[PDB]
$ cat my_file-v9.pdb   # PDB, C-alpha atoms and all ligand atoms
ATOM      1  CA  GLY A   1      -0.138 -20.453 -16.311
ATOM      2  CA  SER A   2       0.112 -18.939 -12.838
ATOM      3  CA  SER A   3      -2.603 -16.886 -11.140
ATOM      4  CA  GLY A   4      -2.486 -15.716  -7.536
ATOM      5  CA  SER A   5       0.218 -16.633  -5.034
ATOM      6  CA  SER A   6       3.696 -15.588  -6.168
ATOM      7  CA  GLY A   7       5.333 -18.912  -5.366
ATOM      8  CA  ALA A   8       8.389 -18.295  -3.200
ATOM      9  CA  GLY A   9       6.241 -16.801  -0.456
ATOM     10  CA  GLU A  10       4.682 -13.360  -0.822
ATOM     11  CA  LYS A  11       6.358 -10.296   0.687
ATOM     12  CA  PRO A  12       5.381  -9.126   4.197
ATOM     13  CA  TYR A  13       5.257  -5.544   2.926
ATOM     14  CA  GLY A  14       2.442  -5.510   0.386
ATOM     15  CA  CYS A  15      -0.019  -2.628   0.181
ATOM     16  CA  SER A  16      -3.655  -3.702  -0.146
ATOM     17  CA  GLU A  17      -5.253  -0.288  -0.653
ATOM     18  CA  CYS A  18      -4.073  -0.267  -4.269
ATOM     19  CA  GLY A  19      -1.806  -3.295  -4.546
ATOM     20  CA  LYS A  20       1.842  -2.254  -4.407
ATOM     21  CA  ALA A  21       4.672  -4.325  -2.936
ATOM     22  CA  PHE A  22       7.963  -3.073  -1.498
ATOM     23  CA  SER A  23      11.272  -4.691  -0.543
ATOM     24  CA  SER A  24      11.459  -2.471   2.539
ATOM     25  CA  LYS A  25       8.935  -2.034   5.352
ATOM     26  CA  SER A  26       9.853   1.616   5.897
ATOM     27  CA  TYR A  27       9.150   2.162   2.199
ATOM     28  CA  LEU A  28       5.636   0.732   2.474
ATOM     29  CA  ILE A  29       4.871   3.207   5.257
ATOM     30  CA  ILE A  30       5.849   6.168   3.082
ATOM     31  CA  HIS A  31       3.548   4.804   0.377
ATOM     32  CA  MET A  32       0.645   4.325   2.787
ATOM     33  CA  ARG A  33       0.946   8.040   3.549
ATOM     34  CA  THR A  34      -1.010   8.661   0.345
ATOM     35  CA  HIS A  35      -3.714   6.192   1.374
ATOM     36  CA  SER A  36      -4.805   7.094   4.905
ATOM     37  CA  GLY A  37      -7.447   9.778   5.346
ATOM     38  CA  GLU A  38      -9.879  11.434   7.745
ATOM     39  CA  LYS A  39     -13.135  10.691   5.923
ATOM     40  CA  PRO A  40     -14.769   7.406   4.831
ATOM     41  CA  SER A  41     -15.746   9.016   1.526
ATOM     42  CA  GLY A  42     -13.935  11.067  -1.099
ATOM     43  CA  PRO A  43     -15.569  14.502  -1.450
ATOM     44  CA  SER A  44     -14.464  16.264  -4.634
ATOM     45  CA  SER A  45     -16.728  19.321  -4.658
ATOM     46  CA  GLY A  46     -13.669  21.530  -5.021
TER      47      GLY A  46
HETATM   48 ZN    ZN B   1      -1.122   1.524  -2.022
END

$ encode --input "my_file-v9.pdb" --output "structure tokens" --more "lines below"
Ligand SMILES: [Zn+2]
Amino acid sequence: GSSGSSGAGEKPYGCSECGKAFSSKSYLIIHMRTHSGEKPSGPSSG
């Protein structure tokens, strides 16, 4: 079967943080909004 590259060239707008593609740059940005942060770690001490 197939594993890896898509075939017809991957999309230029593909999130790496989680792994989500989008058929619209602007869209990707909106998605990245829930990825960027201010700390290198994820404190969940409530
Ligand atoms: Zn993402």

$ residues_near_ligand --input "my_file-v9.pdb" --ligand "ligand ZN 1 (chain B)" --cutoff "10 Å" --atoms "all atoms listed in the file" --output "list in words"
residues 14, 15, 16, 17, 18, 19, 20, 21, 28, 29, 30, 31, 32, 33, 34, 35 and 36 of chain A

$ resolve_selection --input "my_file-v9.pdb" --expression "the PyMOL selection byres (((chain A and resi 11) around 8) and not hetatm)" --output "ChimeraX atom specification"
/A:9-10,12-14,21-23

$ atom_distance --input "my_file-v9.pdb" --atom1 "CA of residue 2 (chain A)" --atom2 "CA of residue 24 (chain A)"
25.2 Å

$ atom_distance --input "my_file-v9.pdb" --atom1 "CA of residue 8 (chain A)" --atom2 "CA of residue 27 (chain A)"
21.2 Å

$ axis_aligned_box --input "my_file-v9.pdb" --around "region 30-38 of chain A" --padding-each-side "4 Å" --output "lines of an AutoDock Vina configuration file"
center_x = -2.0
center_y = 7.9
center_z = 4.0
size_x = 23.7
size_y = 15.1
size_z = 15.4

$ build_atoms --input "my_file-v9.pdb" --residues "region 12-36 of chain A" --atoms "N, CA and C atoms" --output "JSON list (two decimals), in the coordinates of the input"
[["chain", "number", "residue", "atom", "x", "y", "z"],
["A", 12, "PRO", "N", 6.09, -9.60, 3.01],
["A", 12, "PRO", "CA", 5.38, -9.13, 4.20],
["A", 12, "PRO", "C", 4.95, -7.67, 4.07],
["A", 13, "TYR", "N", 5.58, -6.95, 3.15],
["A", 13, "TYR", "CA", 5.26, -5.54, 2.93],
["A", 13, "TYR", "C", 4.53, -5.35, 1.60],
["A", 14, "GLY", "N", 3.23, -5.65, 1.59],
["A", 14, "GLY", "CA", 2.44, -5.51, 0.39],
["A", 14, "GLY", "C", 1.18, -4.70, 0.61],
["A", 15, "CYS", "N", 1.14, -3.50, 0.04],
["A", 15, "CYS", "CA", -0.02, -2.63, 0.18],
["A", 15, "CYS", "C", -1.27, -3.28, -0.40],
["A", 16, "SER", "N", -2.39, -3.13, 0.30],
["A", 16, "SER", "CA", -3.66, -3.70, -0.15],
["A", 16, "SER", "C", -4.57, -2.62, -0.71],
["A", 17, "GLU", "N", -4.44, -1.41, -0.20],
["A", 17, "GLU", "CA", -5.25, -0.29, -0.65],
["A", 17, "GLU", "C", -5.32, -0.24, -2.18],
["A", 18, "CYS", "N", -4.15, -0.30, -2.81],
["A", 18, "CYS", "CA", -4.07, -0.27, -4.27],
["A", 18, "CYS", "C", -3.47, -1.56, -4.81],
["A", 19, "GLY", "N", -2.45, -2.07, -4.12],
["A", 19, "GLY", "CA", -1.81, -3.30, -4.55],
["A", 19, "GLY", "C", -0.38, -3.07, -4.99],
["A", 20, "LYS", "N", 0.44, -2.52, -4.10],
["A", 20, "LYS", "CA", 1.84, -2.25, -4.41],
["A", 20, "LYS", "C", 2.76, -2.89, -3.36],
["A", 21, "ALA", "N", 3.73, -3.67, -3.83],
["A", 21, "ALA", "CA", 4.67, -4.32, -2.94],
["A", 21, "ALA", "C", 5.96, -3.52, -2.81],
["A", 22, "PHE", "N", 6.71, -3.78, -1.74],
["A", 22, "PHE", "CA", 7.96, -3.07, -1.50],
["A", 22, "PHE", "C", 8.96, -3.97, -0.76],
["A", 23, "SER", "N", 10.22, -3.89, -1.16],
["A", 23, "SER", "CA", 11.27, -4.69, -0.54],
["A", 23, "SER", "C", 11.86, -3.98, 0.67],
["A", 24, "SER", "N", 11.02, -3.21, 1.36],
["A", 24, "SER", "CA", 11.46, -2.47, 2.54],
["A", 24, "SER", "C", 10.26, -1.93, 3.31],
["A", 25, "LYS", "N", 10.04, -2.46, 4.51],
["A", 25, "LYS", "CA", 8.94, -2.03, 5.35],
["A", 25, "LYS", "C", 8.81, -0.51, 5.35],
["A", 26, "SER", "N", 9.85, 0.16, 5.84],
["A", 26, "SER", "CA", 9.85, 1.62, 5.90],
["A", 26, "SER", "C", 9.25, 2.21, 4.63],
["A", 27, "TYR", "N", 9.65, 1.68, 3.48],
["A", 27, "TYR", "CA", 9.15, 2.16, 2.20],
["A", 27, "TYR", "C", 7.63, 2.09, 2.15],
["A", 28, "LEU", "N", 7.08, 0.93, 2.48],
["A", 28, "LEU", "CA", 5.64, 0.73, 2.47],
["A", 28, "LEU", "C", 4.93, 1.84, 3.24],
["A", 29, "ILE", "N", 5.45, 2.16, 4.43],
["A", 29, "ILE", "CA", 4.87, 3.21, 5.26],
["A", 29, "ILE", "C", 4.74, 4.52, 4.48],
["A", 30, "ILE", "N", 5.84, 4.93, 3.86],
["A", 30, "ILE", "CA", 5.85, 6.17, 3.08],
["A", 30, "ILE", "C", 4.78, 6.14, 2.00],
["A", 31, "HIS", "N", 4.55, 4.96, 1.43],
["A", 31, "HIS", "CA", 3.55, 4.80, 0.38],
["A", 31, "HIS", "C", 2.14, 4.89, 0.95],
["A", 32, "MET", "N", 1.95, 4.31, 2.13],
["A", 32, "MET", "CA", 0.64, 4.32, 2.79],
["A", 32, "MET", "C", 0.23, 5.75, 3.14],
["A", 33, "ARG", "N", 1.21, 6.64, 3.22],
["A", 33, "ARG", "CA", 0.95, 8.04, 3.55],
["A", 33, "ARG", "C", -0.08, 8.64, 2.60],
["A", 34, "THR", "N", -0.08, 8.17, 1.35],
["A", 34, "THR", "CA", -1.01, 8.66, 0.34],
["A", 34, "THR", "C", -2.23, 7.76, 0.24],
["A", 35, "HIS", "N", -2.56, 7.09, 1.34],
["A", 35, "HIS", "CA", -3.71, 6.19, 1.37],
["A", 35, "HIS", "C", -4.63, 6.53, 2.54],
["A", 36, "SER", "N", -4.04, 6.76, 3.71],
["A", 36, "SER", "CA", -4.80, 7.09, 4.90],
["A", 36, "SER", "C", -5.55, 8.42, 4.73]]
